[PDB]
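Single-letter residue listing:
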Amino acid sequence: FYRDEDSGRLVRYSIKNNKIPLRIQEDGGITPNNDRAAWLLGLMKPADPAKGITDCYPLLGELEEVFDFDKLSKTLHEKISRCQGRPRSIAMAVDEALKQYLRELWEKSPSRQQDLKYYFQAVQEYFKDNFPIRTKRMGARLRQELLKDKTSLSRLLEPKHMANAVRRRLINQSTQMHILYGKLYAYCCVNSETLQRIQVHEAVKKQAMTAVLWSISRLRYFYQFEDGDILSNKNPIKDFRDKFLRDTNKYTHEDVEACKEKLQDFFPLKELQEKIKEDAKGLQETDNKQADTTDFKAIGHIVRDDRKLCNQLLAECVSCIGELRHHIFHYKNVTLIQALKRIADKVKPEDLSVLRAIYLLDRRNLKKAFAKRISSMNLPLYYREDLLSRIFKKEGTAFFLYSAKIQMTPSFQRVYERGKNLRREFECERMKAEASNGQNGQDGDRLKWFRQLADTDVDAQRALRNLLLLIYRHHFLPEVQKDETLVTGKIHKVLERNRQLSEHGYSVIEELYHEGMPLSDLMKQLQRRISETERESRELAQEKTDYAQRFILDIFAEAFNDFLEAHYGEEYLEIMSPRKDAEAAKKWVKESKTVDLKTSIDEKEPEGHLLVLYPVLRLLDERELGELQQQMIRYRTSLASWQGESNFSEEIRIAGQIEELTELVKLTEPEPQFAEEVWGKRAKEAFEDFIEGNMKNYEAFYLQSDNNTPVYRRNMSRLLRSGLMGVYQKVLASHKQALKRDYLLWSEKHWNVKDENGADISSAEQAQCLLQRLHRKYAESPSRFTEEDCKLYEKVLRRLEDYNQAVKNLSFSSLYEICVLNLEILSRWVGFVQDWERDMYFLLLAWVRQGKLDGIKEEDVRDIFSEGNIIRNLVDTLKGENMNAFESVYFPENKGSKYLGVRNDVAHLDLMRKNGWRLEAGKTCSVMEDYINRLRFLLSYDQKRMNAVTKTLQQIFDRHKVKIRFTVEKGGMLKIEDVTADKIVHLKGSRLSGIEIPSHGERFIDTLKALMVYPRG
RNA sequence: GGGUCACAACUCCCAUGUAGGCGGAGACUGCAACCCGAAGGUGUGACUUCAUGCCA
């Protein structure tokens, strides 16, 4: 589908007349392309409240006077009085009576038919939305079901309700058209390739601004500043910033220790100090060597002082964040990339000395960061060296930190499950073929490397999976990037296999790939097909079959298997024989193995834009980095997808550099230095009121115990880094997570399951082995299962689930999951606030352009959104009839003044502080409910944003396998009904009703419910 | 006090109030699928729909 200012092209007349409502007259002006756009743009006329005029849309009032709306309701009531129930009959009767009344009203008034056409279109849209006949979609089904009730039927026919609904619809369409006008002339002064490009650029800028706001909140956390504005140039705040941690009459050693300890969670300060100390020591022993340590020697006096280093690092950070906040939303630079280039041109890297030293120290640490990751996952305690050396050799390897992945590249997990299932199916069919024919076929190894072992524990398969994941991520994908023919070297074969089961589902996929086509185009069409399939499944409320995703998984699994055969064939037997040994685990880390990851980032001189953007990436935890990386991947694919006359090569290269830098920051962990044995002098306090008794009573684990990875430690470090512990100790105080029932259940070693096969289960490993054995026996024989084993399965399942929930509550995994969910609820509202800010900027620009505001210039508009508060600038700038004109676009008459303050509450991230979790006198609701309702009030200029508030909250909750229900109470307020947890359905078709297990425990659900309604609600 | 009734989106367009099409299109406007991915448990292979059978 392609449309332009002329027509539209690939019912038929709807395709042809689908063109843009706006056009450029080649002189900088935008003019309407039809009558409806001109009518929508001229509806808003500002009104003087002192003179007596109240509304800003007089034509809508006159049209609501002409359209009676009172005899229509009586006519419809009289018409449907002879229908009883049967909501479809009511729908046809209402539709017929409505079209009769509309044609009579059109015949009655011939003078004002022109605007009557658009009024009739709005009325017909209302009646089609609320009285549906067809029920193919789900929403139409529930509207028809709601048509059964007589009370809702009476409510839907009120004259005031219908008039207000038509007015709201028309005002919403007018506002959207003004915003579309204002989007142009801010980027332009062909539709398909330009509007999508503007959408992509705005998405990238908004994601960057969310990252900037997160780093601003982190900087305010560092400086311990109460309200105000840290990124300021006026005298008192600047003098406070320049004097921070100076002297001793104002600040104490505890202050500098707390500041440097907060800074250590994001920055490698201790390693930098040790590096400078060893660099100073080495200069006194060599008298003739041209080493690259001149830059490090200049800043030796700063980094040797804690106060000076902290103050200087905070100063350079504040300079970078302030320059980023000044730009990006500037009117000059179209792209964030050229904004970074202009910042790097303005501010030289000679000023940023501590920042560039931190960048260099982090760049020259990948060599041991990769070794730390390899040791951390599973690898050394299941392989007896001299094979990891054959894979991760210390000489130059084909391993890289980050590959510029192509769109819709599958993850390792889906590929692994698909290949493992295909291998199991092949094994079963070969065994069944050996039963029918007693001849041993010499073939049978065509899909190995996905074998499920037969040491055969669950940890051994974990280690094998992790090794294959490392090879897939750092070796196979750069090889595919350099030479894609590997994947193509399999594609035809997979299609043939599908045909071998026809005597199909890949018929749609058989037509796209002819002979030789760039896989990039293939994944773009498969992305389109997957998108339509998912959207249709979501719309029609049915679960369908995804053939394109399965095809992608199949071809990538075949390519991975053949690649592993080509390079690691001599070590297949040694890879498939893991063996647990703690001696190699205690070794391999005292040797400082320092493996040989490679990257394209320079080792002696950082680039200017990368150095400017480095603290922003350094101040994001784990998920905002992923969102920024996905936005950069989408931007790169979008730039590559456009045709000629583009000139976007340098932007593509810089975007790839940003992706690689983000991957480097993600890989190079900040070295949490927990040390000690259990506690230190930070988390201990931040974690007293979550342990039911004392931590010494839980000494069996939390220290030594299994002598393995201590997740509890990574969980507590990542929990304490996020800075939400003060909020959680104010809100979730009486919701202790360690408990004593869970520790008693974990210390239980005398399970009462009474296993049938001449033994008794005493450990969770034996229970997991019984689950695996019983599930394999069920998998081979689904239709024939003994009644004893079917209840034995549930008997071990419930005990294992109780044990796992006790472990998850004890290991602080539930609290960390709640923190991840809470930080996901935030930064969605920040995205909503960014959307509102951009929309209001473009709306005000469009209003000023078409002479709507009298004594207001474009300079004032840009100065509203340049510096200072946006809200205060709007209040001090627009007044009289202009403020009434601005307020005319928010329909919900229940609100009054003091609104738009939720923008300042969200953008400053007040919910990340203890003082923000307080409510006004009254309001009878919870903090989250209050924020939801104020967000609906703020976003009421756009209907889709107002519905997307609750929609996105429900989707975020459902991503964690948790439900949440809302009910609308009196006055239109939303309130939380319940939360609960969904259930995973175990063995199906087992001559039994099916075992049902909740996906989350009661402690997790109760804590999430306590967070959602803090005061009441 | 339907006055913010979301979940069950929103926008645009199909010739003469006629005429439909209660029909189409939309990374063009937002949620999604895909990835982040740790977290993780729900047997598989193969095809139709307003979620249940159909064959080894």
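Cut-off values and rules
- Residues numbered from 1 in each chain as written, not as in the entry; some residues may be left out.
- Chains lettered and ligands numbered in written order.
- Heavy atoms only, no water.
- Near = heavy atom within 4 Å.
- Polar contact = N/O pair within 3.5 Å; in protein donor to acceptor, adjacent residues only side chain to side chain.
- Helix = DSSP H or I, 4+ residues; strand = E, 2+ residues; numbered from the N terminus.
- UniProt positions renumbered as here; feature names shortened; annotations may be inferred.
- Pairing = 2+ DSSP bridges.
- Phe/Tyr/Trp six-rings, centres within 6.5 Å; stacked < 30°, edge-to-face > 60°.
- Buried < 20%, exposed > 50% of the residue type's maximum accessible area, 1.4 Å probe, protein only.
- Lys NZ or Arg CZ within 6 Å of the ring centre and 35° of its normal.
- Core = buried A, V, L, I, M, F, W, Y, C linked by side-chain atoms within 4.5 Å.
- Salt bridge = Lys/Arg side-chain N within 4 Å of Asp/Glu carboxyl O.
- Expected span 1.5 Å × (residues − 1).
- Bend = angle between axes of the 7 residues up to and from the residue.
- Contact = heavy atoms within 4.5 Å.

Method of determination, as annotated in the archive: cryo-EM, at 2.9 Å resolution.

For chain A, the name recorded in the PDB entry is CRISPR-associated endonuclease Cas9, with Thermoclostridium caenicola as its organism. The title line of the PDB record says "Cryo-EM structure of a riboendonclease".

Here we look at the protein's contact with RNA strand B
Inspection of the region around RNA strand B gives 107 residues, with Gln413, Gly505, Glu543, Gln955 and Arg959 positioned closest. Backbone atoms, meaning sugar and phosphate, form 57% of the atoms of RNA strand B found within 4 Å of the protein. At 3.1 Å, a side-chain N or O of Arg155 approaches a base nitrogen of RNA strand B. Separating a base nitrogen of RNA strand B from a backbone N or O atom of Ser999 is a distance of 3.4 Å. Looking at which element gives the most residues to the surface near RNA strand B, the answer is helix 44 (residues 943-958), with nine residues.

Describing the UniProt feature "coiled-coil region" (unreviewed entry) in chain A
UniProt's entry tags residues 523-550 with the feature "coiled-coil region" (unreviewed entry), counted in the numbering of this structure. Overall, residues 523-550 shows 79% helix and 0% strand. The separation of its end C-alpha atoms is 13 Å.

Description of the pairing of strand 5 (residues 965-968)
Here four bridges tie strand 5 to strand 6 (residues 974-978), and the two strands are oriented antiparallel to one another. Across the sheet, residue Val968 finds its bridge partner in strand 6, namely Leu974. The hairpin turn running from strand 5 into strand 6, its antiparallel successor, is five residues long, and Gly971 in that turn takes a positive phi close to 95°.

Let's talk about the packing of aromatic side chains
In total, this model carries 48 aromatic pairs according to the counting rule given. Consider the rings of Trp106 and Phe120, whose centres lie 5.8 Å apart with planes at 50°: the pair is tilted. Pair noted here: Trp106 is in helix 5 (residues 87-108) and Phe120 is in helix 6 (residues 113-130), with a separation of 14 residues, a long-range link. Looking at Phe120, the relative accessible area reads 7%, which means it is buried. Arranged with centres 6.2 Å apart and planes meeting at 90°, the rings of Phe412 and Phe560 form a pair that is edge-to-face. Each residue in the set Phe412, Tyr416, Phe450, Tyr472, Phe476, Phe560 and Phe563 is aromatic and connected to the rest through ring pairs, giving one cluster. Directly above the aromatic system of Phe832 lies the positively charged group of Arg828, at a separation of 4.8 Å from the ring centroid. In this structure, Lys895 packs its charged tip against the face of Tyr899, placed 4.2 Å from the ring centre.

Quick notes on the nonpolar core
Counting 294 residues, the largest nonpolar core has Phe67, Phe127, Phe392, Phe551, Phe687, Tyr728 and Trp829 as the members making the most contacts within it. Ranked by size, the runner-up nonpolar core spans 20 residues in total, among them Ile761, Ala767, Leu774 and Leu800.

Some words on the pattern of salt bridges
Here the structure, examined in full by the defined rule, presents 55 salt bridges. Between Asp4 and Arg9 there is a salt bridge whose closest N-O contact spans 2.5 Å. The exposure class of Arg9 is partly exposed, given its relative accessible area of 44%. A salt bridge links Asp602 to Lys604, with the shortest nitrogen-to-oxygen separation between them at 2.7 Å. Residue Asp602 is classed as partly exposed on the basis of its relative accessible area of 34%.

Considerations on helix 23 (residues 485-500)
Between its first and last C-alpha, helix 23 extends 24 Å over 16 residues, near the 22 Å set by a 1.5 Å rise per residue. Residue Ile491 marks the point of greatest curvature in helix 23, where the axis turns by about 25°. Within the sequence span of helix 23, burial applies to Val487, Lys490, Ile491, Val494, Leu495 and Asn498. Tucked inside the fold, the buried residues of helix 23 contact helix 22 (458-482), helix 24 (507-512), helix 25 (519-540) and helix 26 (547-568).

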